[PDB]
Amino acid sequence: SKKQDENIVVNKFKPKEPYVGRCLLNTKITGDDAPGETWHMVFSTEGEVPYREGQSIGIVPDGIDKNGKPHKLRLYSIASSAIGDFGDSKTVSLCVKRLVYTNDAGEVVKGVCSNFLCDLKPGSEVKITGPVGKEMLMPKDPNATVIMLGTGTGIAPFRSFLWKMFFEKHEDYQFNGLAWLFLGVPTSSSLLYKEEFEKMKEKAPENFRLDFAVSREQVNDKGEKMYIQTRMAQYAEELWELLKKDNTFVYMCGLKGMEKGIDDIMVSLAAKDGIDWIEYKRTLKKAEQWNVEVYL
């Protein structure tokens, strides 16, 4: 197999009978001036949730909805590697964006689960379900080229991937390929886990490439906003050549819509090489080389 799916597990816990964990730590990781708030939280699992890199867990926020029923679960990409941020395999971490926005009528909408999570305090209980998913599992090839394209909280599965690849010691996995992370955020105050990625860059300079795309601050030579695709375009030649290799796996995670901008740049890249990107993407997708997990 091309992905690390050895004895994968899903749905050990269901919303009917969730696993009840406890918040150990909860930290706001964005600057006070960022457009929105993003928090990194660590939950105890007693090692009962058998998740792996790339999977998500469901969270059933406390309370009840308008029709007196428990809230439906919301999915969150796991931000920690399989062994957790403590390295003891007894925790799971999430990277949560507090959903708050004002509509056209001037009404403020506060997302139920995201605010519940960002409001959690050490010691409080949290209902967990899962693990969930297999679409974003890591490549099995330890020498593969792994291109990670994320926006906002989309960084989560990539933080999971990268901790295993560059910080952990495993008997059956020693990464020696090329990992390239592109992370798009609106402001520098919205950068997530930069300190961690910089450490990885210093530990493995030849196996890890790191590029941030701060859209409301940075611009390319022509003065265009630096969206993730805009940064990618600055490495058009390098990226296109990598995309033609069978050992190159691309992953995309984040807010739905980021997909359109990336297609635009890819359509141009392929075209210059006389290739139809739409068709090429289908090929990559079937070959398990184009993995997408975007959400509204």
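From 1 onward, residues are counted along the sequence shown.
- Looking at mean Cα B-factors across 197 to 205 and 75 to 83, the upper value is held by 197 to 205.
- For the segment pair 259 to 267 and 246 to 254, the entry gives 259 to 267 the higher mean B-factor, averaged over Cα atoms.
- Within the group 105, 165, 94, 146, the record's highest C-alpha temperature factor is found at 105.
- Note on the listed residues 217, 171, 119, 88: the highest Cα temperature factor in the record is that of 171.
- In this PDB entry, residue 70 carries a Cα temperature factor that places it within the highest third of its chain's modelled residues.
- The PDB entry assigns residue 32 a C-alpha temperature factor belonging to the highest third of its chain's modelled residues.
- In this PDB entry, residue 127 carries a Cα temperature factor that places it within the middle third of its chain's modelled residues.
- In the deposited entry, the Cα temperature factor of residue 46 places it in the middle third of its chain's modelled residues.
- Among the modelled residues of its chain, residue 222 has a C-alpha B-factor that falls in the highest third, as given in the PDB entry.
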